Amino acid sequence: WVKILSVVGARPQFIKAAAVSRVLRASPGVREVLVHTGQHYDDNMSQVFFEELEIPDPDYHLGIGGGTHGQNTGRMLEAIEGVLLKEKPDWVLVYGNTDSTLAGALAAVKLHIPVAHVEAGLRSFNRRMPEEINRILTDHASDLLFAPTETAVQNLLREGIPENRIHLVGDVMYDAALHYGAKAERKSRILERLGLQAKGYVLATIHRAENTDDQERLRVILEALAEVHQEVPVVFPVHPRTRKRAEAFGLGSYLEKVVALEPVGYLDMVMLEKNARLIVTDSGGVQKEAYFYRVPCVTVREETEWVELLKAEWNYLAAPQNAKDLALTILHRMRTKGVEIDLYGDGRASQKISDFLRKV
């Protein structure tokens, strides 16, 4: 009998936790407690993932969201701690690299509760980025580090973290892709409702703060996607912050010139990803998923944490400096492909994690 308490806050964490929860569910002598920090609150950012991915209802929802870093983090720290004091888990699992992730780790470590980091050791090497700080501080607060890549392992060793607390387990998001592919296949009619042809479109997601808070970068991107749309339709589930920023800066018309959508659930997303001729993104999960389905990817950033995708030629960096340049880069890359290679493990990262926990 071991109690594993998972802290999730964001869309990409709900998806990671869905792979790990399934395994821990069906593990003998494990009880899972699941805390939702409230970081993502809208149904199309949260509840749709609990439904379609068959994720047990949270034991707690802390309903903390939409504030500053200080506010969100500070309140998550107090609220999570209150729950940890009540539930007394053997392990706390935190996922990815949001304020939720860091609050979870920090609440736990002060209570002497072992912390494991699912997706550990990724580095952008840009310490100005809030997500890089969250990655570093979470890894340094954690007791176990579940690395998805060799790079991530080397990143952790370089910062003095001992071999014996690092387990290279692959990526749980590959697990989720594998497990949920069939259900996506039978439930999603998004190509239908969108009148899209398999391989008859490009899929875009953009929501990095460094791309959306900056008017000139955001303009370069929305201009580039509208141009690209002249040649091949662009489907664009628009993050809510991205949509806020584009409206605020007067760039809302570029959204009208492509096939812009509200955020979609995981099953639609899998189907849009699978059937895309090419994926343009600044998302971590989406750039790996592009590779899952062997769709060429362009990453609209100056760097990625997922360097093996660049080495394998499945992914290509295009910083948003020039709208025409960005447009051509996207159009050129859609008739490329990368090498045959298996990354991210066998789709059993979650049971490797289960195993290492109930042992350690």
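Note that the rigid core is defined as the largest set of C-alphas that superpose within 1.5 Å between two forms. Each residue number is its position in the shown sequence, starting from 1.
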query	finding
Of 50-58 and 32-40, which departs more from this form in 5 other deposited structures of this protein by CA RMS after core fitting	32-40
158-166 against 124-132 - segment lying farther from this form in 5 other deposited structures of this protein (CA RMS, rigid core fit)	124-132
Given 29-37 and 325-333, the range whose Cα B-factors average higher in the PDB entry	29-37
Residue range whose averaged C-alpha B-factor is higher in the record, 195-203 or 138-146	195-203
Out of 208, 217, 117, 189, residue topping the C-alpha B-factor column of the entry	189
124, 283, 155, 164, ranked by C-alpha B-factor: the highest one	164
CA B-factor ranking of residue 181, expressed as a third of its chain	highest
Relative C-alpha B-factor of residue 275, binned into the chain's lowest, middle or highest third	highest
Chain thirds of CA B-factor: placement of residue 17	middle
CA B-factor placement of residue 230, once the chain's modelled residues are sorted into thirds	highest
Modelled-residue ranking by C-alpha temperature factor, third containing residue 132	lowest
